[PDB]
Amino acid sequence: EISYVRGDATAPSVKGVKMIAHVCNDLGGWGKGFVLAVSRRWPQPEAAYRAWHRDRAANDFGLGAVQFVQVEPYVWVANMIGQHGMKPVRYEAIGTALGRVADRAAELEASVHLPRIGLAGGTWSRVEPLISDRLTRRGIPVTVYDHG
Ligand code: NA
Ligand code: NA
């Protein structure tokens, strides 16, 4: 059962392996919103993402791909390529990425921690059902965080 909490998703307070999953764009932009909250806590995810994008001519970077970045002994950030362009979230891309998060979280026995991007609007009304279908359906604990 998805938990809804007000908090900073970069600091989950639960036991066991934690995975913080969030939506990135496919253009290499890391400059507004939750990506800044991540860089306020750890430098690794941003460095990883920029390198991943820079080297896309030799690697898996693209819509629906996910990069897992270890930031603490039992904490990982999952940079999901889910958004096409910048100021537009792609349903197939987010679905695929969340499934990949689910695969990795299942093997790590991790819980998953996501910032909220409500169910009455275009974005979250696509995303939350894919959380249910790709994560909850597999028995993976999920917590969704509200913060500015
Ligand atoms: Na919430
Ligand atoms: Na709230």
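We use all heavy atoms of the structure for the numbers below, so side chains are in, but hydrogens, waters and symmetry mates are not. Quick note: residue numbers are just sequence positions, from 1.
What you find for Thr10 and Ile20 is that their closest heavy atoms are CA-CD1, 3.9 Å. What you find for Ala93 and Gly82 is that their closest heavy atoms are CB-O, 4.0 Å. When every heavy atom of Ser125 is checked against every heavy atom of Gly122, the shortest pair comes out as OG-O, 3.1 Å. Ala48 and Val69 make their closest contact through CB-CG2, 3.6 Å (heavy atoms, listed as atom of the first residue, atom of the second, distance). Annotation for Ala110 and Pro141: closest pair O-CD, 4.0 Å, computed over non-hydrogen atoms. Looking at every heavy atom in both residues, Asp26 comes nearest to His53 through O-CD2, 4.2 Å.
Summarising the geometry, atom SG belonging to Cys24 is positioned 8.5 Å from atom CD belonging to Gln83; distances are rounded to the nearest 0.5 Å. Taken from NE2 in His147 to CZ in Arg6, the straight-line distance is 7.5 Å, to the nearest 0.5 Å. One distance of note links CZ of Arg138 with CG of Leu98; it measures 11.5 Å at 0.5 Å rounding. The structure places CG of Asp103 at 11.0 Å from CG of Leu108, a figure rounded to the nearest 0.5 Å. Put simply, CZ on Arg90 and CG on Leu63 are 5.5 Å apart, with the number rounded to the nearest 0.5 Å. Separating the CG atom in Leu114 from the CD1 atom in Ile131 is a distance of 5.0 Å, to the nearest 0.5 Å.
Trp52 has its ring centre less than 6.0 Å from the ring centre of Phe61.
Placement of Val5 and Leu135 in two distinct hydrophobic clusters is found when ILVMFWY residues are connected by side-chain heavy-atom separations under 4.5 Å, directly or transitively. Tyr145 and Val89 fall into different hydrophobic clusters, defined by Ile, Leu, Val, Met, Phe, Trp and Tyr side-chain heavy atoms under 4.5 Å apart, directly or through other members.
Checking side-chain atoms of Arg137 against main-chain N and O of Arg134 turns up no donor-acceptor pair under 3.5 Å. Between the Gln70 side chain and the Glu72 main chain, a donor and an acceptor come within less than 3.5 Å of each other. Side chain of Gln67 to backbone of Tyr49: a donor-acceptor contact under 3.5 angstrom is found. No donor-acceptor distance shorter than 3.5 angstrom exists from the side chain of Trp76 to the backbone of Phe68, with no hydrogens or angles considered. With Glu128 contributing its side chain and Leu119 its backbone, the two residues share no donor-acceptor pair below 3.5 Å.
Between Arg40 and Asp8, none of the side-chain N atoms (NZ, or NE/NH1/NH2) sits under 4.0 Å from a carboxylate O, so this pair counts as no salt bridge.
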Derivation of the side-chain contact (heavy atoms from CB on, under 4.5 Å) call for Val127 and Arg116: CA-CA 9 Å; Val127 174; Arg116 174 192 281 281; over 6 Å; no
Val66 vs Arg104, side-chain contact (heavy atoms from CB on, under 4.5 Å): CA-CA, chis, key distance, verdict: CA-CA 10 Å; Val66 183; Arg104 187 69 178 128; over 6 Å; no
side-chain contact (heavy atoms from CB on, under 4.5 Å) between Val101 and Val142, worked out: CA-CA 11 Å; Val101 169; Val142 171; over 6 Å; no
Chi angles and distances behind the side-chain contact (heavy atoms from CB on, under 4.5 Å) call for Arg100, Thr96: CA-CA 6 Å; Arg100 296 183 181 180; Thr96 295; 3.8 Å; yes
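Between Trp30 and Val38, the closest side-chain pair of non-hydrogen atoms falls below 4.5 Å. Counting heavy atoms from C-beta on, the side chains of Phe34 and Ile117 never come closer than 4.5 Å. Residues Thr143 and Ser111 form no side-chain contact, since every pair of their non-hydrogen atoms from C-beta on lies 4.5 Å or further apart.
A donor-acceptor contact closer than 3.5 angstrom links the side chains of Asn79 and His22.
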